[PDB]
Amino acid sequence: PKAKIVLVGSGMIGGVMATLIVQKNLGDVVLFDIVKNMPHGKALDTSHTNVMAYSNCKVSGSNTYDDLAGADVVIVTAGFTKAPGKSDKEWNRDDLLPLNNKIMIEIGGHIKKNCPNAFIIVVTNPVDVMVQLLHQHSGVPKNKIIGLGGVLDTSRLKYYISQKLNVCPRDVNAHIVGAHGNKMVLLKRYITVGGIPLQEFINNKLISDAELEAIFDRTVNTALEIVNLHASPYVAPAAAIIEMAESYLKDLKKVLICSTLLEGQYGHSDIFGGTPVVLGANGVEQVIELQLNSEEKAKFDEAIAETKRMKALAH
């Protein structure tokens, strides 16, 4: 029987996710939200695309937490997108902390009761904090919950480099680790193009170090760039989440960078941080530790310290 996918939060990212799930025929979808009627409306609209897509996925709205019962995958976007009061210039994910904390606790209790065996993907910011909080309150095993970060951050870095080099976007591979936010760690040493070290393209003057520095800055500030032009990013975040959910559902075993519980990797324990993992039928099947140098490790440490700082304020 089809997988049951519950989207806890039916806002902008939730809507794109439901659309992409039907396009890919991935499973039945529940759009859950605290807002009355809205999820039912989005679900109805989305359900009709089964015709155009040649798919057969139910799409239903919900205002009832117990509809989590029987969930195979739960995706959590519930929460605030901006500190009610701060300008778009001064956004920052850190300010979402006080707004989204209590929400993870409430959701965690309902997961523990209704679907303790579900695979969980957390999106709510600041994600590296929120994911651990949900882990602690839902009681699920460490191999069954991850947070969105690296797939999204690297899509931007990969894309921008592919534009400069005039190659297929997917042919650029790259790693961003530690945390999802302004302290994200961009690993220049681990960038490849068609499996070839980026340094060879730099040596050939096909792309310069200065151009790469500008792309790095653009990558870190992308969410901000989009807000200064439109609104909180939702299309690419949704596509990133679905790539993760799909790897689990279809046992693809893709290597994808996500927030996961660290147990000594990079010298860190008792905290979640971004690192390449392998996602398949058993959830997080492997946690891959990059063999970072001391300079890279120092930056990783800065990222973890910021997650810890915000974790303390959420309590």
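All residue numbers refer to positions in the sequence shown, first residue = 1. If you superpose the two forms and keep the largest set of C-alpha atoms that fall within 1.5 Å, you have the rigid core.
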Inset, instruction - Would you say which of 74-82 and 175-183 moves more relative to the shown form in 6 other deposited structures of this protein, going by RMS C-alpha distance with the core superposed? - result: 74-82
Inset, instruction - On a core superposition, give the stretch, 129-137 or 100-108, with the larger average C-alpha separation from this form in 6 other deposited structures of this protein (RMS over structures and residues). - result: 100-108
Legend entry - Check: residue 225 without coordinates in a third or more of other entries: no
Inset, instruction - Note whether residue 234 lacks coordinates in a third or more of the other compared entries that model its flanking residues. - result: no
Inset, instruction - Higher average CA B factor in the deposited record is what I'm after, so tell me if that's 16-24 or 287-295. - result: 287-295
Legend entry - 168-176 versus 94-102 - greater average Cα B-factor per the deposited record: 94-102
Legend entry - 162, 154, 204, 192, ranked by C-alpha B-factor: the highest one: 204
Inset, instruction - Pick out which of 75, 242, 224, 146 has the highest C-alpha B-factor in the PDB entry. - result: 224
Inset, instruction - Could you tell me which third, lowest, middle or highest, the C-alpha B-factor of residue 268 occupies within its chain? - result: middle
Inset, instruction - Check where residue 280 lands among this chain's C-alpha B-factors and tell me if it's the lowest, middle or highest third. - result: middle
Legend entry - Chain-relative CA temperature factor third for residue 253: lowest
Inset, instruction - Report the third (lowest, middle or highest) to which the CA temperature factor of residue 121 belongs, ranking only the modelled residues of the same chain. - result: lowest
Legend entry - Ranked C-alpha temperature factor of residue 30 among modelled chain residues, by third: lowest
